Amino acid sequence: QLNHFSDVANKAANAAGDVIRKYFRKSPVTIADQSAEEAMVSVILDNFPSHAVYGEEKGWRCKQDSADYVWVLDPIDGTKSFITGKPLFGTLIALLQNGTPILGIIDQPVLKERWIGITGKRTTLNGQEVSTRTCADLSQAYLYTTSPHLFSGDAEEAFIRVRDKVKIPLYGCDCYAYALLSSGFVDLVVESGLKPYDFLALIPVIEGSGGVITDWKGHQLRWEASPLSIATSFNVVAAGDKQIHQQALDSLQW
């Protein structure tokens, strides 16, 4: 079973990438997203008809009333990058067992870069093991977030507290920043308002690299995909180094 999950997840990512390349740098984003999701679901359910799938547009789908295994997909995380021709969007694939991610992929189909997190294994990038880096203090950390405008109210005030303590705040890449953290080139990622399909795949990738990823109180990020689950918004903080993670939590004051 466990190899079979990895093999099928790769086949699904391959199918999504084949689709996406037909649309990149030509509604195109919507057509690409829908076609890539269909391609992934076909692969998944051909192999695992007892599983369920979950995505943004169509929600939960399962040919049975329940499933132990659920695939949570986002064909194009980073829609604004995609629309503007910037090749740092990603396809996100998470497989959840009883609501817990056991596999996550971040795939960049243009750059041909694929991060794979699997419970039990070290994360890989194009098949080679990766690791997060240590970081001596928050003042030395390189921080990413997608946009300064994707924070409001109390969350913006919290972000600013962290932002003003790091070495430098950088912007613009969605899931790719978490990939770079997993590979040891970024120290901290702080975001507000992510939906489950935008973060679940990140969890095994980051943890399997040696990093930490939680909500802004430091609690486990969890969203159990089910027939009745509601795709609510989450705040996320990821770090390469546990000590920097705790400093970030202390600054967020959430």
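Note that residue numbering follows the sequence shown and begins at 1. So that the term is clear: the rigid core is the largest set of C-alpha atoms that superpose within 1.5 Å between two forms.
Where the structures in 4 other deposited structures of this protein are fitted on the rigid core, 53 to 61 is the one of 53 to 61 and 214 to 222 whose C-alphas sit farther from the shown form on average.
After superposing on the rigid core, the larger RMS C-alpha deviation in 4 other deposited structures of this protein belongs to 167 to 175, the other candidate being whichever of 167 to 175 and 118 to 126 remains. According to the PDB entry, the deposited sequence contains 10 or more residues between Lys26 and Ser27 that lack coordinates. Once the C-alpha B-factors are averaged per stretch, 59 to 67 and 187 to 195 rank with 59 to 67 first. Comparing the deposited coordinates for 222 to 230 and 202 to 210, the stretch with the larger average C-alpha B-factor is 222 to 230. Considering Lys165, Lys86, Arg122, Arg114 together, the PDB entry gives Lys165 the largest C-alpha B factor.
For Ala141, the recorded CA temperature factor ranks within the middle third of the chain's modelled residues.
For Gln243, the recorded CA temperature factor ranks within the highest third of the chain's modelled residues.
When the modelled residues of the chain are ordered by C-alpha B-factor, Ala94 sits in the lowest third.
In the PDB entry, a CA B factor belonging to the middle third of its chain's modelled residues is recorded for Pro75. Per-chain ranking of the deposited C-alpha B factor places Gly153 in the highest third.
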